[PDB]
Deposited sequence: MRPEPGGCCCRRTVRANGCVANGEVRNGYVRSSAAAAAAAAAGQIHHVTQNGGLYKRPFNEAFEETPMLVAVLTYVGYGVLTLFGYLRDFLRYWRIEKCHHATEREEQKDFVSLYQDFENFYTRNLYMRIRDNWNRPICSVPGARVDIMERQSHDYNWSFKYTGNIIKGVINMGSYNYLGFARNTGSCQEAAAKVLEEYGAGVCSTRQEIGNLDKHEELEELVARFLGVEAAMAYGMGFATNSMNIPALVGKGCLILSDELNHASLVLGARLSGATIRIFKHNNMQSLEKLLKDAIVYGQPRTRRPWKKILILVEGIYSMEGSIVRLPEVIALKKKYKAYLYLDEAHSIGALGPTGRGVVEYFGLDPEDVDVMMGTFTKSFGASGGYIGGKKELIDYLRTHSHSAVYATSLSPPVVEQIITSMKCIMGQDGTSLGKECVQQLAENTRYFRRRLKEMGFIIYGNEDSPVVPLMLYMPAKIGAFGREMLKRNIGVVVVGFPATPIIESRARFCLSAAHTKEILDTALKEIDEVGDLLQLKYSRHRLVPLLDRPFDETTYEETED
């Protein structure tokens, strides 16, 4: 037992996260960088009053009301278009540890691209979602998927409540329920369309949703479609979750003062950007005090966290019966495409009839069901359950190595996502172009998807990264982190 801190949250292990505050000298120089881009932003947009070519709204029988707000296209042509030569890169191989990336350049200053002739062979990527490493074109893991594709076909031509409901779909839903440890589950077509089509089936008109500051576009759009009040609490701030949750019960709606019909909490396992595990035992022991509901979202969590990894609920040593609904995806740990929602059996039978996707949208393709099945066998029992002990090593080795080199890293110290902190907007498009010369590809996230002075880059670890593959990448952040001088931390 480690901490019983104040709210009743019982930690079994030590937690040890660290968000380091940005320096004063750096946080002045970033606004000059955003200042000279918006200055030349208005200077360039001024010089387009006469006639890098534009899109040209059709002239033949048009000139209606103009289709777009031109001022809302400002960042997509003056800060994005300048440096969009990264994070769109076409690849032509299996996205494992080494990825063959097609080479392209722009004669138009990134207004249009052209593929020359090349394939940049053997790039260690660190930007793909391949945690347990089930994305390969060899092995007997995906050998069983081709057996299904030569029998069933490449897609159900129907809907679940219609004819299309195969024996594979009932076989999968029984397998996910034993893997999580819950009573029933239901597999969906893609993961974004799991949250966007089931959150409006849970909450109705007079409910309340306490969502975090940064969930995803999934849990936001799923909350806009259910007409319900949405109150934002701060990121991993249990004093600000409790204060909104206390002031929800002893007040009511904003207009009338009736009680709330029901309240639920939208949190996630691992937040993707600034990768930080949610303080989950201080939410379980808080929702039993205020009688709320919990919507856990194991997107990045399942397969990665905890030994014999079955999500973040095993990671703290809890039971899955106390979480009401456990959504997760199959894209980011199992090497497939899909998504599920698991819970009590009385919950799934409601979501098998009133579901927005059991009735209108088609189900999973039959060959990608078998890739999910043959990946969940290898974790329960072949590079199977020894890889979750191996991602446990790479998470610990890679994290303390970059921190003692002077870099500044966000997040909990056992998360597979390693956010490295680029501050300037010109170091966004420099660090993306600098690593690709040195045989390594990363994912860099810019201004509007972050705050103003956060603008970080991101490293997704993998159990297909061995030691020599990972040590080579640490050598190449040593040169580039010292070339661009991105050594912001004081430790």
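Chemist: Can you list the gaps, numbered from 1 on the deposited sequence, where no C-alpha is modelled?
Modeler: Gaps vs deposited seq, in order: 1-44, 96-98, 429-432, 543-562.
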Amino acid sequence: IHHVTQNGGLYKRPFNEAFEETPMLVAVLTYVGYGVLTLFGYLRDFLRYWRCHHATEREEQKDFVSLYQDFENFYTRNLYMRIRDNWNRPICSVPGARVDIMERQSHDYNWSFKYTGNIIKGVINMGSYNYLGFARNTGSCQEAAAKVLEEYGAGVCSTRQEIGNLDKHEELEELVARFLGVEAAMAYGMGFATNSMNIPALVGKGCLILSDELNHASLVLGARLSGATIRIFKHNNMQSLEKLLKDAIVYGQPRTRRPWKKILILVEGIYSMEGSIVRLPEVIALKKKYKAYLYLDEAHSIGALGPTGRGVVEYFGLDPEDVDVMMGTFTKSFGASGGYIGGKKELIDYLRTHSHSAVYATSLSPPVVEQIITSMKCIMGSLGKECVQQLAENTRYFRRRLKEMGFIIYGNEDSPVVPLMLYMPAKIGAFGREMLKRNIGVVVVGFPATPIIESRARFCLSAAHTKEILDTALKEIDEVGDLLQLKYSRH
From here on, numbers count along this sequence of modelled residues.
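Between two forms, the rigid core is the largest collection of C-alphas that superpose within 1.5 Å.
Chemist: Rigid core superposition, C-alpha RMS per stretch in 5 other deposited structures of this protein: which comes out larger, 134-142 or 285-293?
Modeler: Farther from the shown form on average in 5 other deposited structures of this protein: 134-142.
Chemist: Output the stretch, either 209-217 or 143-151, that has more C-alpha displacement from this form in 5 other deposited structures of this protein following superposition by the rigid core.
Modeler: Checking 209-217 against 143-151 in 5 other deposited structures of this protein, I find the farther stretch is 143-151.
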